[PDB]
Amino acid sequence: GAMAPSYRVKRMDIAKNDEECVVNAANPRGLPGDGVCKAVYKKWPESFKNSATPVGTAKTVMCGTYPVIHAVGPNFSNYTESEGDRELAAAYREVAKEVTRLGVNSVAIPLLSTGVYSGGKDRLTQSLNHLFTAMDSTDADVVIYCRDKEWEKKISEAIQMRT
Ligand SMILES: Cc1nc(N)ccc1Br
Ligand SMILES: [Cl-]
Ligand SMILES: [Cl-]
Ligand SMILES: [Cl-]
């Protein structure tokens, strides 16, 4: 792991990340999809070979030697809040498991279920807190990727708060 494991946030395309592996905000079917999943498909197409996996699970596929962790958050359009929250928490726990297994010293990670899977609600706080819950026991440097200027500020504040 990292000498002094940290959390950082950057506002840029997760496809340009400077970490040793990437988490895809995947769909259950391994399809190219939209947003983060679309940028990941353009950058690491070979990682979509057998990436299909259930909601609340993560599955890694190697693009050369660069690991892509396909993590499937719930679509809050189809889930109840209660059940959605359970599955979102589970996606992140499976990401922490995979980051450990792979022995990386850094990971680029997006906020699962905050885009087209959000059911039209702001889930920054909800998703970030499940991220921290899962990843706080890992020693990898975590870099969170986002695209909104206000979200960058709010994620930045939440990281500094607990430091
Ligand atoms: C970090 C990121 N990258 C993309 N390419 C699309 C959406 C988001 Br959020
Ligand atoms: Cl960019
Ligand atoms: Cl999403
Ligand atoms: Cl964003």
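Looking at the entry header, you'll see X-ray crystallography listed as the method and 1.88 Å as the resolution.

Time to look at the pattern of salt bridges. On inspection of all chains with the given rule, the structure shows nine salt bridges. Of the charged contacts, one joins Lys121 and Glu81 as a salt bridge, the two residues approaching to 3.8 Å between their closest N and O atoms. Here the residue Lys121 occupies a position in the loop between β5 (106-110) and α3 (124-135), and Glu81 occupies one in helix α2 (residues 81-102), the gap between them amounting to 40 residues. A residue is classified by how much of its surface remains accessible, and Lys121, at 52% relative accessible area, is exposed. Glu81 gets classed as partly exposed once you look at its relative accessible area, which sits at 42%. With its nearest N and O atoms 3.1 Å apart, the salt bridge here joins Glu83 to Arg86. Of this pair, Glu83 and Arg86 are both found in helix α2, three residues apart, which corresponds to roughly one turn of the helix. Look at the salt bridges and you will find they share partners, linking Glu81, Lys121 and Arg123 into a network.

Another aspect to go through is the packing of α2 against α3. Where α2 meets α3, the axes come as close as 8 Å, and the angle between the chain directions of the two elements is 40°. The handedness of the crossing between α2 and α3 comes out as right-handed. Between α2, through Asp85, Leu88, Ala89, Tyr92, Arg93, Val95, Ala96 and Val99, and α3, the contact on the second element is made entirely by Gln126, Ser127, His130, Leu131, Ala134 and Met135. Tallied by class, the residues present in the contact of α2 with α3 amount to nine nonpolar, three polar and two charged.

Right, let's get into α3. Across its 12 residues, α3 extends 16 Å between first and last C-alpha, which sits within 8% of the 16 Å expected from 1.5 Å per residue. Within α3, burial applies to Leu124, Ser127, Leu128, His130, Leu131, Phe132, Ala134 and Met135. Along its buried surface, α3 packs onto β1 (7-11), α2, β5, β6 (141-146) and α4 (149-161).

Turning our eyes to something else, we now look at the environment of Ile144. As for its position among the elements, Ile144 is in strand β6. Residue classification places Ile144 among the buried residues on the basis of a relative accessible area of 0%. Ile144 has contacts with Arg8, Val9, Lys10, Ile109, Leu111, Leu128, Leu131, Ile155 and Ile159, leaving out every residue within four places of it along the chain.

Cut-off values and rules
- Residues numbered from 1 in each chain as written, not as in the entry; some residues may be left out.
- Chains lettered and ligands numbered in written order.
- Heavy atoms only, no water.
- Salt bridge = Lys/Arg side-chain N within 4 Å of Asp/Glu carboxyl O.
- Helix = DSSP H or I, 4+ residues; strand = E, 2+ residues; numbered from the N terminus.
- Buried < 20%, exposed > 50% of the residue type's maximum accessible area, 1.4 Å probe, protein only.
- Axes fitted to C-alpha atoms, helices over the stretch in contact; angles between N-to-C directions.
- Left-handed = near helix turned anticlockwise from the far one by under 90°.
- Contact = heavy atoms within 4.5 Å.
- Nonpolar A, V, L, I, M, F, W, Y, C, P; charged D, E, K, R; others polar.
- Expected span 1.5 Å × (residues − 1).

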